[PDB]
Amino acid sequence: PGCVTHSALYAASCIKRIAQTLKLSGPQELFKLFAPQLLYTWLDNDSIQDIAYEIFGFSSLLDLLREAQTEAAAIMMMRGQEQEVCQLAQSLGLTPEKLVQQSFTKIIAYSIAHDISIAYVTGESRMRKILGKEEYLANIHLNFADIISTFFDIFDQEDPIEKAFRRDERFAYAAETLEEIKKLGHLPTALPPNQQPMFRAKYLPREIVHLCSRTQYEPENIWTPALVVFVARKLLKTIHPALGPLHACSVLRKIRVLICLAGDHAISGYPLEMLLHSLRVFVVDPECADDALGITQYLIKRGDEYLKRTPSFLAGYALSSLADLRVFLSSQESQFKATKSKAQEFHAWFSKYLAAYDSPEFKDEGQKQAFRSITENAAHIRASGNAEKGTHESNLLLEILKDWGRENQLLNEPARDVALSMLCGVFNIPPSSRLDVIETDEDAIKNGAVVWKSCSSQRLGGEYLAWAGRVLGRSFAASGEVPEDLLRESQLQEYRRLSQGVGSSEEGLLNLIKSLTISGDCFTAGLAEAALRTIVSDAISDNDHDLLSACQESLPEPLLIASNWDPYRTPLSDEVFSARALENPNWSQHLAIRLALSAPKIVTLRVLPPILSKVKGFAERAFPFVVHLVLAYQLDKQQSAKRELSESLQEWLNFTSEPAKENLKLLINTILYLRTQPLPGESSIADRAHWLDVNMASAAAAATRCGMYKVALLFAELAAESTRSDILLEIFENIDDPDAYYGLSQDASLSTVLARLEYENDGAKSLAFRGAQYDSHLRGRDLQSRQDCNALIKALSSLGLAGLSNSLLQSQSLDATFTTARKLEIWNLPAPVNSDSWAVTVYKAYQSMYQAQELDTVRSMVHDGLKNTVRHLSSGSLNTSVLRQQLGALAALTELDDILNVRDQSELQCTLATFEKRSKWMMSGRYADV
């Protein structure tokens, strides 16, 4: 387009289709991520009023103007087109000085990068003319860090760059270090010229010096860790998966320059660890690997004085990186081969290094051996994970699962989610149980709780679920006790773990955010680090002793020094309250934002709305801390959030629904959490009922709906205190205590005594009362006799009289049908598929054992049963009878699998001895489970 009237029509359809193929929501996107090069060539010689706005899918010239004004004004003021800027402004509708102060970052960055590549009138003199020699200095004082970011964005690398640094001028350590890095590894290739403006590369040492001289900083030393992390994250952010794989290689050149120019601040402290973690994803990339491997080897070899003070990060990163290099090795061609060789050399170097590693701050001597085992195994593993004894994958898996449960643990969560995703993607389950690594009951009771925490992700295959199931089942029987993860109702333990040390919501939010700087995707970590930098900066500024104390104890020391922007001031680059809103899956996120916006003076709530809206599942984890922070803030002021929340609770708690159950759990956990936070100016814990105004009878009913019986009982006791029995019956039938049910008073009759006898699981005593009812309802042609028959079958199944219950079933439950079938050995029932009953699962395994001629159809049916039962346990809402029954099923399938796999007489006798050993626990265990 640059006839023009008509040719620029076919270009409206192409750029329309280029979007419809690269999955970018419209062509205006393609104008946004290609703004500089488009404007730089057009505005170079023409106005901005004649721009072909109709392309890219705009509607009027002013919309493109409003979208691209910053880059537009930047280019114009680089080109001395003042009256152009004037017309641009007076076309937007505002004044030139405002439009020059809003877009001041790019403008100074460009007008400095350019006019030292030319060297008459400048582009800064116009800044001192439109703004005055004082507002200009104040602005250049506000936007320093942003200006350094923009200096690192618009600059080239297709050139000898180590000449300017090593040139006999200010700083040559930059070139020395750059040359060393490019010796430890280098892509000898070249790339296309970068998107303009792209000034030359022998100007960074001069642009920075000029700028510092204009604002009295130490141009010889400006790099604090805040600035290093800021700029490196800006760079890593600027990439885009659409712009092709040479873009990443280019940005890696720029990052190596930032490193070798940043001196020592970027090979120790938080920049070191963060940069390594970021260069993890780049390493496992076929197109851009050699540069990442060189930079990584440099950072590890040089920053080794620090990696000896930090064995936790080193262990986590070592495991993650050796796992990532293992899959890469397993998975034109000549170019690929060279990359594989270099990568294998790097892997060997890493193995030698880790084998020669000693840290003074290795706390216990056992941890040291755990580190040594993790490394010496991960260095030799294969691309898949198995469970057979003696092999490397199994030793590593067992070491991860063993470290998982401890007080001083090595790896962090994202460092387990990368090793447990390689060793469990294609898992290999041993045939027998004598080759397994968790083979004995003695070890399965110990390692039986972490295996359940392991199988709660979705990157785990089938064979791994079947193995985890075998072990859980084996442990249940020998231990006698269900895993402690399953039988937890409230989330208060997790909330208390977050705020470790003091019970404040600021420590909770700080730990939650600090948990994102390690578990992000180069965009989440960016928001987390920006939030931390603003929070710590404002704490060091306003000297909040409270907030400072919260920061010292939540953030480690490296992430604390780095977060404070002491040298450079922070640059400018960083209805729900009504019913029926409880049912959309974003209630918590909208309500949390709505609450956090109402308290701007709290810095910890001011930086949340971005993270609450972008990150997924963050609002549910941070909801109690946000509610408490707001309520505690406006305690003496006008209490608005209290009034709104306590008026809506009257409608939210009386909400029976399936889609609203998961937000109702979060409301109950927020009420429980507020009960543990001391209100200021209280005499007793009885005043913690004034955070909100909850009707405790409604909360007790709601907690009963969600399956929260101990929480429901606590709320029912608080309600009774407020007074001084239809919900107490539902609580007491289901709560897990043998004797509590009998404390409840209800009106007497033969029916109620029958109800108590059927709760009690009595034998002949309930058979008498049920027989009487059943006869009296068959005689009177009553319709309840059906239910009576059901009750009778249940009773007769709890006695052991299988023949009588069989005859009662054939006169027309699921558990009763298949329990009776299994006891009488009737192996021809058609068993339903995908059923949540344990009797069906156990029945199918024994049936298949009847109708089969080879052991490896029976083993497949057993393993399918373990896998299904394990999935069922993970499904969530189960009482403590169904839960215990399901775990018992697992124990029966495990014993079945144990006797199927005996080979000689000695194994038979060892099985028998195991039965005798198990008996010792059974003598005192619960009766249903025995």
# chains A, B, ... in the order shown; residues from 1 in each chain; ligands from 1
call {"tool": "residues_around", "arguments": {"residues": "range 823-834 of chain A", "least_positions_apart": "3", "cutoff": "10 Å", "atoms": "only C-alpha atoms", "output": "JSON, numbers by chain"}}
result
{"A": [800, 801, 802, 803, 806, 814, 817, 818, 819, 820, 837, 840, 841, 843, 844, 846, 847, 848, 849, 850, 851, 868]}
call {"tool": "select_by_dssp", "arguments": {"residues": "range 683-920 of chain A", "states": "alpha helix (DSSP H)", "output": "PyMOL selection string"}}
result
chain A and resi 696-705+709-723+727-734+750-759+764-779+785-799+802-809+814-824+838-850+855-874+882-900+905-920
call {"tool": "write_last_selection", "arguments": {"atoms": "C-alpha atoms", "output": "short mmCIF file (atom, residue, chain, number, x, y, z; two decimals), in the first residue's frame"}}
result
data_model
loop_
_atom_site.label_atom_id
_atom_site.label_comp_id
_atom_site.auth_asym_id
_atom_site.auth_seq_id
_atom_site.Cartn_x
_atom_site.Cartn_y
_atom_site.Cartn_z
CA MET A 696 -24.04 -20.48 63.18
CA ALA A 697 -27.05 -22.73 62.66
CA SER A 698 -26.97 -21.99 58.93
CA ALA A 699 -23.22 -22.53 58.79
CA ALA A 700 -23.70 -25.84 60.61
CA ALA A 701 -26.27 -26.95 58.07
CA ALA A 702 -24.05 -25.82 55.19
CA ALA A 703 -21.02 -27.67 56.55
CA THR A 704 -23.21 -30.75 56.86
CA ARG A 705 -24.13 -30.50 53.18
CA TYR A 709 -19.00 -33.16 60.04
CA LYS A 710 -16.44 -32.18 62.65
CA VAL A 711 -16.67 -28.61 61.37
CA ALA A 712 -20.45 -28.93 61.48
CA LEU A 713 -20.28 -30.12 65.07
CA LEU A 714 -18.12 -27.15 66.05
CA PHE A 715 -20.58 -24.76 64.45
CA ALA A 716 -23.50 -26.49 66.14
CA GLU A 717 -21.84 -26.03 69.53
CA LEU A 718 -21.24 -22.34 68.84
CA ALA A 719 -24.89 -21.97 67.84
CA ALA A 720 -26.07 -23.63 71.05
CA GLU A 721 -23.90 -21.24 73.05
CA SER A 722 -25.54 -18.35 71.23
CA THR A 723 -28.99 -19.57 72.28
CA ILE A 727 -29.15 -31.17 62.03
CA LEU A 728 -27.53 -32.82 65.03
CA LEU A 729 -28.93 -36.14 63.86
CA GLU A 730 -27.25 -35.89 60.49
CA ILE A 731 -23.99 -34.85 62.13
CA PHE A 732 -23.97 -37.66 64.65
CA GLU A 733 -24.94 -40.44 62.25
CA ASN A 734 -21.87 -39.66 60.15
CA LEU A 750 -40.10 -49.23 68.14
CA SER A 751 -38.93 -47.50 64.96
CA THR A 752 -36.31 -45.41 66.72
CA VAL A 753 -34.97 -48.42 68.60
CA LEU A 754 -34.73 -50.15 65.24
CA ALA A 755 -32.86 -47.17 63.81
CA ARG A 756 -30.36 -47.33 66.66
CA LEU A 757 -29.95 -51.09 66.20
CA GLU A 758 -29.29 -50.69 62.49
CA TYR A 759 -26.78 -47.92 63.14
CA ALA A 764 -30.26 -60.97 65.46
CA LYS A 765 -31.51 -58.06 67.53
CA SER A 766 -32.27 -55.92 64.48
CA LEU A 767 -33.44 -58.98 62.58
CA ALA A 768 -36.27 -59.37 65.08
CA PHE A 769 -37.55 -55.81 64.80
CA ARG A 770 -37.10 -55.77 61.03
CA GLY A 771 -38.86 -59.09 60.61
CA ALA A 772 -41.80 -57.71 62.56
CA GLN A 773 -41.98 -54.56 60.44
CA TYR A 774 -41.54 -56.47 57.20
CA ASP A 775 -44.36 -58.89 58.02
CA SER A 776 -46.69 -56.09 59.07
CA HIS A 777 -46.05 -54.24 55.82
CA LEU A 778 -46.47 -57.25 53.55
CA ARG A 779 -49.75 -58.04 55.29
CA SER A 785 -42.07 -53.20 52.70
CA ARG A 786 -39.62 -52.61 49.86
CA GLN A 787 -37.43 -50.49 52.12
CA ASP A 788 -37.91 -53.06 54.89
CA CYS A 789 -36.64 -55.76 52.54
CA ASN A 790 -33.60 -53.60 51.81
CA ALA A 791 -32.89 -53.14 55.51
CA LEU A 792 -33.29 -56.88 56.07
CA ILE A 793 -30.76 -57.71 53.35
CA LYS A 794 -28.30 -55.30 54.93
CA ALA A 795 -28.83 -56.91 58.35
CA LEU A 796 -28.57 -60.44 57.00
CA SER A 797 -25.37 -59.48 55.20
CA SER A 798 -23.80 -58.16 58.40
CA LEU A 799 -24.46 -61.47 60.19
CA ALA A 802 -25.58 -65.45 53.00
CA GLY A 803 -28.18 -68.01 51.92
CA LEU A 804 -31.04 -66.09 53.49
CA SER A 805 -29.97 -62.77 52.00
CA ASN A 806 -29.59 -64.48 48.64
CA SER A 807 -33.19 -65.67 48.75
CA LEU A 808 -34.29 -62.19 49.81
CA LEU A 809 -32.45 -60.67 46.85
CA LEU A 814 -25.33 -53.42 44.86
CA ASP A 815 -22.91 -54.15 47.68
CA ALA A 816 -25.24 -56.82 49.00
CA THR A 817 -25.69 -58.46 45.61
CA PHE A 818 -22.00 -58.86 44.93
CA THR A 819 -20.98 -59.61 48.51
CA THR A 820 -23.46 -62.47 48.60
CA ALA A 821 -22.39 -63.64 45.16
CA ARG A 822 -18.77 -63.72 46.26
CA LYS A 823 -19.51 -65.56 49.51
CA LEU A 824 -21.65 -68.26 47.90
CA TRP A 838 -15.81 -52.06 46.32
CA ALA A 839 -17.81 -55.29 46.21
CA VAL A 840 -18.03 -55.09 42.43
CA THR A 841 -14.29 -54.51 42.09
CA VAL A 842 -13.41 -57.43 44.32
CA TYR A 843 -16.04 -59.56 42.61
CA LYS A 844 -14.65 -58.93 39.13
CA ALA A 845 -11.18 -59.92 40.26
CA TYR A 846 -12.36 -63.22 41.70
CA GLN A 847 -14.68 -63.90 38.78
CA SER A 848 -11.83 -63.38 36.32
CA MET A 849 -9.83 -65.74 38.52
CA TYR A 850 -12.54 -68.33 37.93
CA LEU A 855 -2.23 -65.96 35.19
CA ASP A 856 -1.76 -62.83 33.09
CA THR A 857 -5.43 -62.28 32.54
CA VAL A 858 -5.97 -62.45 36.29
CA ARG A 859 -3.06 -60.11 36.95
CA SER A 860 -4.46 -57.63 34.46
CA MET A 861 -7.84 -57.68 36.19
CA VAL A 862 -6.28 -57.22 39.62
CA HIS A 863 -4.22 -54.28 38.38
CA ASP A 864 -7.26 -52.70 36.75
CA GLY A 865 -9.01 -53.04 40.09
CA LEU A 866 -6.21 -51.36 42.02
CA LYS A 867 -6.14 -48.55 39.48
CA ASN A 868 -9.90 -47.97 39.59
CA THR A 869 -10.01 -48.04 43.38
CA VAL A 870 -7.15 -45.53 43.54
CA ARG A 871 -8.94 -43.19 41.18
CA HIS A 872 -12.10 -43.53 43.26
CA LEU A 873 -10.30 -42.59 46.47
CA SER A 874 -8.94 -39.50 44.71
CA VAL A 882 -16.87 -45.62 52.32
CA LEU A 883 -13.29 -44.41 52.59
CA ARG A 884 -12.29 -47.17 54.98
CA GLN A 885 -14.15 -49.73 52.88
CA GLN A 886 -12.37 -48.61 49.72
CA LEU A 887 -9.00 -48.89 51.42
CA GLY A 888 -9.97 -52.35 52.61
CA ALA A 889 -10.70 -53.37 49.03
CA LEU A 890 -7.16 -52.36 48.08
CA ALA A 891 -5.92 -54.62 50.87
CA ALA A 892 -7.88 -57.59 49.56
CA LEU A 893 -6.65 -57.10 45.99
CA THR A 894 -3.09 -56.90 47.28
CA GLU A 895 -3.37 -60.16 49.18
CA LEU A 896 -4.85 -61.75 46.08
CA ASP A 897 -1.91 -60.53 44.01
CA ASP A 898 0.45 -61.85 46.67
CA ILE A 899 -0.71 -65.46 46.57
CA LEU A 900 -1.07 -65.46 42.79
CA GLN A 905 7.15 -73.60 49.15
CA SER A 906 9.30 -71.03 50.94
CA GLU A 907 7.23 -68.20 49.49
CA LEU A 908 4.07 -69.97 50.62
CA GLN A 909 5.32 -70.17 54.19
CA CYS A 910 6.43 -66.55 54.07
CA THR A 911 2.95 -65.55 52.96
CA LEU A 912 1.47 -67.52 55.85
CA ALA A 913 3.82 -65.80 58.28
CA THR A 914 2.70 -62.45 56.89
CA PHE A 915 -0.91 -63.42 57.58
CA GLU A 916 0.10 -64.22 61.17
CA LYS A 917 2.00 -60.95 61.47
CA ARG A 918 -1.04 -59.05 60.21
CA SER A 919 -3.24 -60.83 62.76
CA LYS A 920 -1.34 -59.11 65.57
#
call {"tool": "residues_around", "arguments": {"residues": "residue 501 in chain A", "least_positions_apart": "4", "cutoff": "12 Å", "atoms": "only C-alpha atoms", "output": "list in words"}}
result
residues 496, 497, 505, 506, 507, 508, 511, 549, 550, 551, 552, 553 and 554 of chain A
call {"tool": "atom_distance", "arguments": {"atom1": "CA of residue 453 in chain A", "atom2": "CA of residue 404 in chain A"}}
result
9.3 Å
call {"tool": "residues_around", "arguments": {"residues": "range 564-569 of chain A", "least_positions_apart": "5", "cutoff": "6 Å", "atoms": "only C-alpha atoms", "output": "list in words"}}
result
residues 533, 536 and 537 of chain A
call {"tool": "atom_distance", "arguments": {"atom1": "CA of residue 210 in chain A", "atom2": "CA of residue 128 in chain A"}}
result
15.8 Å
call {"tool": "closest_residue", "arguments": {"among": "A:386, A:373, A:447, A:95", "to": "residue 401 in chain A", "atoms": "only C-alpha atoms"}}
result
A:447
call {"tool": "closest_residue", "arguments": {"among": "A:94, A:260, A:138, A:272", "to": "residue 166 in chain A", "atoms": "only C-alpha atoms"}}
result
A:260
call {"tool": "residues_around", "arguments": {"residues": "residue 608 in chain A", "least_positions_apart": "6", "cutoff": "10 Å", "atoms": "only C-alpha atoms", "output": "PyMOL selection string"}}
result
chain A and resi 509+513+527-528+531+592-593+596-597+619+622+626
call {"tool": "closest_residue", "arguments": {"among": "A:43, A:74, A:99, A:131", "to": "residue 111 in chain A", "atoms": "only C-alpha atoms"}}
result
A:74
call {"tool": "closest_residue", "arguments": {"among": "A:662, A:54, A:647, A:218", "to": "residue 694 in chain A", "atoms": "only C-alpha atoms"}}
result
A:647
call {"tool": "residues_around", "arguments": {"residues": "residue 216 in chain A", "least_positions_apart": "5", "cutoff": "12 Å", "atoms": "only C-alpha atoms", "output": "mmCIF file with N, CA, C and O atoms, in the first residue's frame"}}
result
data_model
loop_
_atom_site.group_PDB
_atom_site.id
_atom_site.type_symbol
_atom_site.label_atom_id
_atom_site.label_comp_id
_atom_site.auth_asym_id
_atom_site.auth_seq_id
_atom_site.Cartn_x
_atom_site.Cartn_y
_atom_site.Cartn_z
ATOM 1 N N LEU A 137 14.509 16.793 34.532
ATOM 2 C CA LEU A 137 15.347 16.041 35.454
ATOM 3 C C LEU A 137 14.512 15.185 36.391
ATOM 4 O O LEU A 137 14.881 14.047 36.695
ATOM 5 N N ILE A 140 13.475 12.143 34.183
ATOM 6 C CA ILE A 140 14.602 11.239 34.004
ATOM 7 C C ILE A 140 15.013 10.606 35.322
ATOM 8 O O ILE A 140 15.718 9.596 35.327
ATOM 9 N N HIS A 141 14.587 11.174 36.447
ATOM 10 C CA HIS A 141 14.847 10.536 37.727
ATOM 11 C C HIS A 141 13.808 9.482 38.057
ATOM 12 O O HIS A 141 14.126 8.488 38.714
ATOM 13 N N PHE A 144 14.448 5.877 35.392
ATOM 14 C CA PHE A 144 15.781 5.403 35.067
ATOM 15 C C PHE A 144 15.762 3.933 34.683
ATOM 16 O O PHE A 144 16.244 3.555 33.611
ATOM 17 N N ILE A 208 24.706 4.373 28.225
ATOM 18 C CA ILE A 208 24.586 4.280 29.674
ATOM 19 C C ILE A 208 25.399 5.372 30.347
ATOM 20 O O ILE A 208 24.942 6.002 31.304
ATOM 21 N N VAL A 209 26.610 5.619 29.856
ATOM 22 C CA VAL A 209 27.462 6.625 30.478
ATOM 23 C C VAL A 209 26.839 8.003 30.338
ATOM 24 O O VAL A 209 26.763 8.771 31.303
ATOM 25 N N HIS A 210 26.385 8.337 29.133
ATOM 26 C CA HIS A 210 25.718 9.613 28.908
ATOM 27 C C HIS A 210 24.544 9.786 29.859
ATOM 28 O O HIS A 210 24.415 10.812 30.542
ATOM 29 N N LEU A 211 23.693 8.767 29.938
ATOM 30 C CA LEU A 211 22.488 8.873 30.745
ATOM 31 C C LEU A 211 22.824 9.054 32.214
ATOM 32 O O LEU A 211 22.278 9.937 32.880
ATOM 33 N N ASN A 221 29.206 1.702 38.023
ATOM 34 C CA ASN A 221 28.558 0.636 38.783
ATOM 35 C C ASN A 221 27.113 1.050 39.041
ATOM 36 O O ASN A 221 26.842 1.800 39.981
ATOM 37 N N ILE A 222 26.202 0.549 38.214
ATOM 38 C CA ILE A 222 24.777 0.806 38.376
ATOM 39 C C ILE A 222 23.992 -0.449 38.694
ATOM 40 O O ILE A 222 22.809 -0.346 39.041
ATOM 41 N N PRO A 567 18.647 1.916 45.421
ATOM 42 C CA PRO A 567 19.352 2.906 44.594
ATOM 43 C C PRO A 567 18.460 3.601 43.579
ATOM 44 O O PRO A 567 18.581 4.817 43.410
ATOM 45 N N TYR A 568 17.555 2.885 42.914
ATOM 46 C CA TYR A 568 16.747 3.438 41.832
ATOM 47 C C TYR A 568 15.272 3.382 42.199
ATOM 48 O O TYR A 568 14.762 2.315 42.540
#
call {"tool": "closest_residue", "arguments": {"among": "A:674, A:374, A:706, A:284", "to": "residue 657 in chain A", "atoms": "only C-alpha atoms"}}
result
A:706
call {"tool": "atom_distance", "arguments": {"atom1": "CA of residue 415 in chain A", "atom2": "CA of residue 498 in chain A"}}
result
19.2 Å
call {"tool": "closest_residue", "arguments": {"among": "A:241, A:225, A:738, A:197", "to": "residue 24 in chain A", "atoms": "only C-alpha atoms"}}
result
A:241
call {"tool": "residues_around", "arguments": {"residues": "residue 637 in chain A", "least_positions_apart": "6", "cutoff": "12 Å", "atoms": "only C-alpha atoms", "output": "mmCIF file with C-alpha atoms, in the first residue's frame"}}
result
data_model
loop_
_atom_site.group_PDB
_atom_site.id
_atom_site.type_symbol
_atom_site.label_atom_id
_atom_site.label_comp_id
_atom_site.auth_asym_id
_atom_site.auth_seq_id
_atom_site.Cartn_x
_atom_site.Cartn_y
_atom_site.Cartn_z
ATOM 1 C CA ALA A 599 -8.131 -1.085 50.465
ATOM 2 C CA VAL A 630 -9.482 -6.133 54.476
ATOM 3 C CA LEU A 631 -11.565 -6.747 57.583
#
